[PDB]
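Since the structure comes first, as structure tokens, the remarks are kept for the end.
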Amino acid sequence: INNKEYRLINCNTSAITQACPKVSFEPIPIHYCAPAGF
Amino acid sequence: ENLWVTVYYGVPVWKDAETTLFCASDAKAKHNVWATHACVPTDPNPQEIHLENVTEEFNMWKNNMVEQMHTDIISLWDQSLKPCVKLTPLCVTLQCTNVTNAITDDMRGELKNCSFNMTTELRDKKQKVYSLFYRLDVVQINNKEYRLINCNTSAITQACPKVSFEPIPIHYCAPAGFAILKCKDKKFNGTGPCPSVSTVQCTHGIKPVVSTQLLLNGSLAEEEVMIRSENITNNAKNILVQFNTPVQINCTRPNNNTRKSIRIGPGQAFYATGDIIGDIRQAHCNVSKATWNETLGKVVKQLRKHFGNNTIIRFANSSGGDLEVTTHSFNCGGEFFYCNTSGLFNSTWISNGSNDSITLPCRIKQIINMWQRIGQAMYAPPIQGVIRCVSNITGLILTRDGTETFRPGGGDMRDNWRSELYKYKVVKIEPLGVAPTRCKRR
Amino acid sequence: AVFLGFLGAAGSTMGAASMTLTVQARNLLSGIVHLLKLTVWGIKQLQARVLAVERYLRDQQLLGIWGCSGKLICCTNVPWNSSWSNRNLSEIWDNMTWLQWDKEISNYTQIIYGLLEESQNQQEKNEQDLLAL
Amino acid sequence: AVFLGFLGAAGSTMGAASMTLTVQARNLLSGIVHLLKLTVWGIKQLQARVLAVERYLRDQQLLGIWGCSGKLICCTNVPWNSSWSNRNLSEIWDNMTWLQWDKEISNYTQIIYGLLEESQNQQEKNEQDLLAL
Amino acid sequence: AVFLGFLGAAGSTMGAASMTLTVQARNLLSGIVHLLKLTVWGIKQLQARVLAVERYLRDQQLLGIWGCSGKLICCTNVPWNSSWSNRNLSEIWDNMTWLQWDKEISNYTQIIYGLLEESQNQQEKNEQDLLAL
Amino acid sequence: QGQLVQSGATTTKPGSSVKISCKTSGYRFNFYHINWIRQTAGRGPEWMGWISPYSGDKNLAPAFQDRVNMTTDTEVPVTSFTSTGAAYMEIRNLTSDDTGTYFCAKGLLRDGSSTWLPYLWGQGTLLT
Ligand SMILES: *[C@@H]1O[C@H](CO)[C@@H](O[C@@H]2O[C@H](CO)[C@@H](O[C@@H]3O[C@H](CO[C@H]4O[C@H](CO[C@H]5O[C@H](CO)[C@@H](O)[C@H](O)[C@@H]5O[C@H]5O[C@H](CO)[C@@H](O)[C@H](O)[C@@H]5O)[C@@H](O)[C@H](O[C@H]5O[C@H](CO)[C@@H](O)[C@H](O)[C@@H]5O)[C@@H]4O)[C@@H](O)[C@H](O[C@H]4O[C@H](CO)[C@@H](O)[C@H](O)[C@@H]4O[C@H]4O[C@H](CO)[C@@H](O)[C@H](O)[C@@H]4O[C@H]4O[C@H](CO)[C@@H](O)[C@H](O)[C@@H]4O)[C@@H]3O)[C@H](O)[C@H]2NC(C)=O)[C@H](O)[C@H]1NC(C)=O
Ligand SMILES: *[C@@H]1O[C@H](CO)[C@@H](O[C@@H]2O[C@H](CO)[C@@H](O[C@@H]3O[C@H](CO[C@H]4O[C@H](CO)[C@@H](O)[C@H](O[C@H]5O[C@H](CO)[C@@H](O)[C@H](O)[C@@H]5O)[C@@H]4O)[C@@H](O)[C@H](O[C@H]4O[C@H](CO)[C@@H](O)[C@H](O)[C@@H]4O)[C@@H]3O)[C@H](O)[C@H]2NC(C)=O)[C@H](O)[C@H]1NC(C)=O
Ligand SMILES: COc1cnc(-c2csc(C(=O)NCCO)n2)c2[nH]cc(C(=O)C(=O)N3CCC([C@@H](C#N)c4ccccc4)CC3)c12
Ligand SMILES: *[C@@H]1O[C@H](CO)[C@@H](O[C@@H]2O[C@H](CO)[C@@H](O[C@@H]3O[C@H](CO)[C@@H](O)[C@H](O)[C@@H]3O)[C@H](O)[C@H]2NC(C)=O)[C@H](O)[C@H]1NC(C)=O
Ligand SMILES: *[C@@H]1O[C@H](CO)[C@@H](O[C@@H]2O[C@H](CO)[C@@H](O[C@@H]3O[C@H](CO)[C@@H](O)[C@H](O)[C@@H]3O)[C@H](O)[C@H]2NC(C)=O)[C@H](O)[C@H]1NC(C)=O
Ligand SMILES: *[C@@H]1O[C@H](CO)[C@@H](O[C@@H]2O[C@H](CO)[C@@H](O)[C@H](O)[C@H]2NC(C)=O)[C@H](O)[C@H]1NC(C)=O
Ligand SMILES: *[C@@H]1O[C@H](CO)[C@@H](O[C@@H]2O[C@H](CO)[C@@H](O)[C@H](O)[C@H]2NC(C)=O)[C@H](O)[C@H]1NC(C)=O
Ligand SMILES: *[C@@H]1O[C@H](CO)[C@@H](O[C@@H]2O[C@H](CO)[C@@H](O)[C@H](O)[C@H]2NC(C)=O)[C@H](O)[C@H]1NC(C)=O
Ligand SMILES: *[C@@H]1O[C@H](CO)[C@@H](O)[C@H](O)[C@H]1NC(C)=O
Ligand SMILES: *[C@@H]1O[C@H](CO)[C@@H](O)[C@H](O)[C@H]1NC(C)=O
Ligand SMILES: *[C@@H]1O[C@H](CO)[C@@H](O)[C@H](O)[C@H]1NC(C)=O
Ligand SMILES: *[C@@H]1O[C@H](CO)[C@@H](O)[C@H](O)[C@H]1NC(C)=O
Ligand SMILES: *[C@@H]1O[C@H](CO)[C@@H](O)[C@H](O)[C@H]1NC(C)=O
Ligand SMILES: *[C@@H]1O[C@H](CO)[C@@H](O)[C@H](O)[C@H]1NC(C)=O
Ligand SMILES: *[C@@H]1O[C@H](CO)[C@@H](O)[C@H](O)[C@H]1NC(C)=O
Ligand SMILES: *[C@@H]1O[C@H](CO)[C@@H](O)[C@H](O)[C@H]1NC(C)=O
Ligand SMILES: *[C@@H]1O[C@H](CO)[C@@H](O)[C@H](O)[C@H]1NC(C)=O
Ligand SMILES: *[C@@H]1O[C@H](CO)[C@@H](O)[C@H](O)[C@H]1NC(C)=O
Ligand SMILES: *[C@@H]1O[C@H](CO)[C@@H](O)[C@H](O)[C@H]1NC(C)=O
Ligand SMILES: *[C@@H]1O[C@H](CO)[C@@H](O)[C@H](O)[C@H]1NC(C)=O
Ligand SMILES: *[C@@H]1O[C@H](CO)[C@@H](O)[C@H](O)[C@H]1NC(C)=O
Ligand SMILES: *[C@@H]1O[C@H](CO)[C@@H](O)[C@H](O)[C@H]1NC(C)=O
Ligand SMILES: *[C@@H]1O[C@H](CO)[C@@H](O)[C@H](O)[C@H]1NC(C)=O
Ligand SMILES: *[C@@H]1O[C@H](CO)[C@@H](O)[C@H](O)[C@H]1NC(C)=O
Ligand SMILES: *[C@@H]1O[C@H](CO)[C@@H](O)[C@H](O)[C@H]1NC(C)=O
């Protein structure tokens, strides 16, 4: 802030939402498929 | 003599029906509240097939298209105001003063210079900010303390400033297996057997303009000037007149306003009104006194057919109600005007200018409420610069009192859509037909 | 020639309308009805899409259980009970329109749909027994 | 007469059930399944609508690639390999029900569906060559 | 035998591809496309389901108004206007592929679709008049 | 369309072994055979042999049974239906009695009875 006072980096630009800790960020193989007739 | 049933697939016979009508629009690409970017592109060849020898029954006062469009537009506004800023921190005590006094006595309180304490990006530190607010958006406490008009009745949500309030022509289309029947009768009442009938895949371009008393930017009649009500002998059914000539109106807000952004939280910004550059003038509308008198005479002539060649009809101003309905309220370049119309409806006509124009003093609101529900209100962000729009008055919404007198009004949003969907009717196709002939299988 | 257009012969005689059935048949599934965004217009259009195929197939379903699959003018073995309409042929096909005809045949439209249904079930049973030798 | 109703002859013999096929054919797409509101009941009903037409057309698709379009009882040119079921005709149509018959023919139902498929492809090729003169 | 697979004869001659049409016909509605949860993958799959049946029926609709319902190789009464393609039979079916053939017949594909349409409307009118005695 | 440009018309003397090239354009090089034809002056025109730019299978007359090497290299995709190719021709126990003009011609149809038939020819090359 300009003392030892600080703030989170995002407070002036963005609202912040913590990820629900039960979700996994580990990528899982995704297969893309076209519909019938394609 | 020897007659068997014979089945025919694709017979030209239809039945009245209610269905879901999707939207069609033309290519223009920011994003309007009407989400016309998400509509199917309209055919550059608006195909219309004329149904020779057909005579269909219409009833604009039972039409389902107006009840469907009424909900669609409201849903478009709900869809657009969901992800925008909740201004609940603004419902705080305001220390207000008149902005720049000395002009014309009680016209300085019409817009205030209000300062207030506001939340910052830090939840534990306040800021003293100020904003310019119109008088119709604030009320006193009883000292110079004020609050926003909506704080005791409704929560307020400011419109995302990247959205455009400008109406874009909407085309309504029926799904496959259904059809839209248009009434081509140039002197059609709204109900009854319309002789000339044609079918269309989609309706014409309908701009979703929500206005009061005066119908703007609408369609015009081709002959005379029709007058439509379900029970004209009943004084409690709104008279919907539709001009054939457009009487032009010029509205403007000459005050050069500045929009000041205020950070009320992380990712949240309230768009306040900075100050006024130059003169603090009055917003108003002009309409040619000559054309308005001529067009008001045509309405008198057609009103005579329902009340007698000898009777006398008179025009008076609104007899009360909410602010949106007592004035010619509409949207002009972002701001919501509320125009006094005592100068347009102040005439008595007998049984049997030319240079200047008549002006209409308009007040401006920013906290406008939702018409249907209560507890839901929108904040229109401040428009920068000078506003001026030029549009056509193509109809009216009148009211009889029970010699004769007619005053305006009409806070019902679907009366607007009736003035454009009266020609159209939704029917479903039934292509299976059985009939006798001397043809036998095998 | 003529070519009145979609429903163009709605006011013409039944016989004259009975010569332009392809004009209505092809517009029973097309029109303008590519991602599925569930906005107010997107939900509206999706219903418009499912509604068209639904109504289209219900007519083809009846057309199938009558032995008239892929036909515009099929003939049957169900005789015309004159209690349905005692009108003569000349005063039906050279006089009435399909709209007013459906208006007066409307009561018996469910009766006729049953006679065409079991006549096809029994006819296919007859054809199987004839090919059993 | 009789008229047992929808699936009314599920426990009857195959021959007796083979006389009331229209009773089941007409209920394969109708029922009770007008705006599309995406509520918990609205999403539920929309899926119920798309699911019916989907399953209905998959049966009509097989019925088409076999040359049996719009048929309830069509005959084929695929002989009955007795390894499928060595039961005799009288002990099949005057004895078994369609439920227990499908239970024992279940293994070969995919084998038979292939023989009916290419038999129709070759038959239409034969008909084209016969009309080439 | 051969059995190239789905689109396996896309590069083969038109005559050779004209012997494996069931291979493509059966995959026009199946695949992998039970509750309707409206998640990002659920909305995506629902559109994939409605899109398949929609396109499948539009082809069957044209096949119906041409009198070719449930057919893979149907013959018509529309003669071949040589302005469409002056190529000879041997240099068409033993030479070109269906892909490059559709590339050069592409302009007249809407013209031919109209000649097949009214030829079926007039043929069914002829069959009705022949059975009127 | 279709073009088949041939090599140069240089000359050698008996005992040698020359290579003749044939470069194709405007058509899928793999879809049609490549024939080699000889128009001698002291004999009627002779069919030497064809080869499959797709399957590599070759077929030459018994008069050239063990004396000629026919080779082609894989094509180059230009468009979906266009490719460039090349065909090669060699002679073993070569003399001067094999003098004349040499042509390369591609097959007629992709199937039927006249599959490999020399249909589209080159401009020819003069020899010894
Ligand atoms: C809807 O309908 C609405 C209603 O109809 C409508 O509202 C209208 O809006 C417009 C714009 O918003 C308004 O227009 C303004 O009009 C002002 C007044 O102009 C009139 O009066 C002056 C002055 O009159 C005195 O002088 C003359 C002689 O010159 C005498 O004859 C008069 O009698 C009077 O003098 C006596 O009386 C006084 C008291 O009464 C005494 O004190 C005095 O001692 C004397 O006894 C006239 O000159 C004007 O004439 C001009 O216009 C006529 C047409 O009317 C033309 O023939 C011709 O062009 C004339 O030039 C007129 O009659 C204007 O002053 C004003 O313009 C000024 O202000 C704006 C903003 O403030 C400036 O940007 C602009 O540049 C102008 O500034 C100039 O003038 C001031 C004043 O002197 C200077 O200080 C300044 O430096 C500048 O000078 C420069 O320009 C001069 C000329 O421009 C030039 O002379 C200088 O040398 C220098 O170069 C503005 O235009 C209009 O009033 C509204 N309507 C009504 C009814 O009020 C609305 O638009 C409609 N449309 C919608 C809503 O869409
Ligand atoms: C992809 O594209 C390529 C290129 O177009 C296709 O290859 C061509 O296929 C067609 C049809 O299959 C071929 O036409 C046939 O040609 C044969 C002539 O070859 C015979 O003679 C050879 C030399 O004498 C002989 O060696 C062959 O015998 C075996 O040996 C080879 C060794 O590689 C083996 O590959 C062969 O398969 C054989 O097992 C060979 O028999 C000719 O006999 C054919 O005529 C008969 O059939 C036609 C009907 O098809 C009939 O009308 C006739 O009367 C006769 O009964 C037929 O003309 C062509 O030669 C191939 N090559 C080219 C054009 O260069 C390939 O098929 C395409 N595949 C796909 C999946 O799209
Ligand atoms: C303006 O009205 C609103 C205010 N706020 C919210 C709001 C906040 S939040 C929220 C939300 O998230 N909803 C989700 C669950 O509820 N929705 C609204 N939502 C739908 C609204 C409407 O369609 C509506 O009432 N109209 C239409 C516009 C009118 C007008 C013009 N142009 C006019 C106004 C005055 C004078 C002339 C012309 C007239 C009336 C609406
Ligand atoms: C609305 O009211 C606010 C007060 O809450 C006004 O803000 C104040 O305006 C005055 C006058 O412009 C400012 O004082 C000036 O400061 C400058 C810069 O030092 C100086 O040069 C001038 O001589 C004068 O002293 C004052 O700073 C300002 N305060 C704040 C907090 O903004 C505002 O101007 C009013 N708006 C309108 C449209 O009347
Ligand atoms: C009735 O219809 C007319 C025309 O369709 C509308 O006029 C349009 O008004 C908008 C905003 O008022 C104009 O946009 C503005 O353009 C100017 C110039 O580029 C720009 O400076 C502004 O910031 C704004 O973008 C638009 O150009 C104008 N169109 C025409 C043809 O004049 C009118 O607003 C409609 N009225 C109602 C009540 O719907
Ligand atoms: C309204 O006020 C703004 C400034 O508050 C004006 O914007 C100026 O426009 C001129 C054009 O001549 C530019 O040279 C300036 O740089 C602008 N200033 C700013 C701060 O943007 C605007 O022109 C005014 N509008 C009217 C109609 O008077
Ligand atoms: C409303 O404004 C418009 C445009 O500002 C006026 O129309 C102009 O009228 C003059 C008359 O001399 C013409 O020269 C212009 O070409 C017109 N402009 C346009 C864009 O058409 C109109 O007169 C005004 N009406 C009122 C009642 O104020
Ligand atoms: C106001 O009304 C006039 C007259 O109805 C409109 O002007 C017409 O615009 C159409 C646009 O398709 C033209 O084809 C006509 O030739 C115009 N006629 C005249 C007399 O100008 C005008 O567009 C309307 N303006 C608004 C804003 O609604
Ligand atoms: C937010 O504050 C940081 C402090 O370092 C600054 O770098 C950044 O530019 C600020 N963001 C905005 C949008 O002003
Ligand atoms: C604003 O001005 C009006 C008119 O002069 C006056 O009555 C009112 O008290 C003023 N309000 C404030 C807060 O100055
Ligand atoms: C802001 O809060 C302070 C208290 O710290 C109070 O004295 C002041 O009046 C408030 N300002 C406004 C504009 O309400
Ligand atoms: C909210 O306060 C205003 C103050 O003028 C009052 O008019 C209005 O009736 C109040 N609303 C309710 C619901 O009490
Ligand atoms: C509307 O016009 C029709 C035309 O015949 C007429 O029958 C009907 O009475 C009229 N209704 C009103 C309210 O004017
Ligand atoms: C119209 O209103 C009058 C009285 O206001 C009533 O007598 C009459 O029955 C009404 N007409 C209809 C059609 O409702
Ligand atoms: C009323 O007067 C008009 C002429 O303006 C005339 O055409 C009409 O017939 C008259 N009607 C009655 C009822 O007097
Ligand atoms: C109508 O006009 C009268 C006459 O002056 C006025 O007192 C009244 O306030 C006006 N009403 C409206 C809503 O403008
Ligand atoms: C409208 O204007 C008239 C005079 O023009 C005035 O008497 C009336 O009070 C005004 N209405 C309102 C609501 O201010
Ligand atoms: C006509 O139908 C009635 C019942 O709908 C039946 O009783 C009668 O026998 C039928 N007559 C003929 C001639 O079909
Ligand atoms: C159909 O049934 C209704 C029932 O009231 C009757 O009024 C009508 O006359 C009947 N029409 C025919 C053609 O049987
Ligand atoms: C029966 O099927 C088997 C394989 O499923 C086959 O090997 C056998 O030849 C078939 N026999 C007859 C008589 O069809
Ligand atoms: C079908 O296959 C299963 C596999 O275990 C076998 O047990 C059963 O007997 C088979 N049934 C017939 C009728 O082939
Ligand atoms: C071929 O088509 C053209 C127009 O597409 C037509 O004018 C001509 O008569 C046709 N010729 C034949 C032989 O079909
Ligand atoms: C085979 O088709 C191609 C396609 O362009 C064509 O160029 C070629 O001439 C055809 N072959 C014969 C023998 O006509
Ligand atoms: C199809 O039309 C285009 C239009 O430019 C033309 O270039 C092309 O040659 C046409 N092809 C045929 C086969 O007619
Ligand atoms: C033809 O020449 C190539 C060049 O390497 C060689 O590999 C091949 O063996 C030759 N063919 C014969 C039959 O010798």
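Values below: every heavy atom of this structure, side chains too, minus hydrogens, waters and symmetry copies. Chain letters run A, B, ... following the sequence lines, proteins first, then strands; residues in each count from 1. Every number for a ligand or one of its atoms is a count from 1 in the order of the listing.
Under the 30°/60° scheme for interplanar angles, the aromatic rings of B/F133 and B/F116 are found to lie parallel.
Looking from atom 13 (C) of ligand 11 to the surrounding protein, the closest heavy atom is B/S115 O, 3.3 Å. Looking only at protein heavy atoms, the nearest one to atom 28 (O) of ligand 8 is B/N217 OD1, 2.9 Å. For atom 3 (C) of ligand 24, the nearest non-hydrogen atom of the protein is E/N107 ND2, 3.7 Å. Atom 22 (C) of ligand 8 has as its closest protein heavy atom B/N392 ND2, 3.8 Å. Scanning all protein heavy atoms for the shortest distance to atom 12 (C) of ligand 11 gives B/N117 ND2, 3.6 Å.
Figure legend: cation-pi geometry between E/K103 and F/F81 absent, as NZ or CZ is not positioned both under 6.0 Å from the six-membered ring centre and within 45° of its axis. In this structure, B/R228 is positioned above the aromatic face of B/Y422, its NZ or CZ under 6.0 Å from the six-membered ring centre and within 45° of the axis. Cation-pi geometry between B/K112 and B/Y134 is not met at under 6.0 angstrom from the ring centre and within 45 degrees of the axis.
Residue B/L220 touches ligand 8 through its side chain alone, judged by heavy-atom distances below 4.0 Å.
Using a 4.0 Å threshold on non-hydrogen atoms, atom 26 (C) of ligand 8 counts as touching the protein. For atom 10 (C) of ligand 11, the nearest protein heavy atom lies under 4.0 Å away. Protein non-hydrogen atoms do not reach within 4.0 Å of atom 5 (O) of ligand 11.
Interface of B/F116 with ligand 11, defined as ligand atoms under 4.0 Å from a residue heavy atom, comprises 13 (C). Taking every heavy atom of B/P246 and a limit of under 4.0 angstrom, the matching atoms of ligand 8 come to 2 (O), 3 (C), 4 (C), 5 (O).
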Inset, instruction - Apply the test side chain to side chain donor-acceptor pair (under 3.5 Å) to residues B/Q158 and B/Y271: give CA-CA distance (whole Å), side-chain angles for both, the deciding distance (0.1 Å), then the verdict. - result: CA-CA 9 Å; B/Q158 82 172 4; B/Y271 299 103; 5.4 Å; no

Legend entry - ring pair (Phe, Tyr, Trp, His ring centres under 6.0 Å) assessment of B/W417 paired with B/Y172: CA-CA 12 Å; B/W417 321 127; B/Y172 265 167; 9.4 Å; no

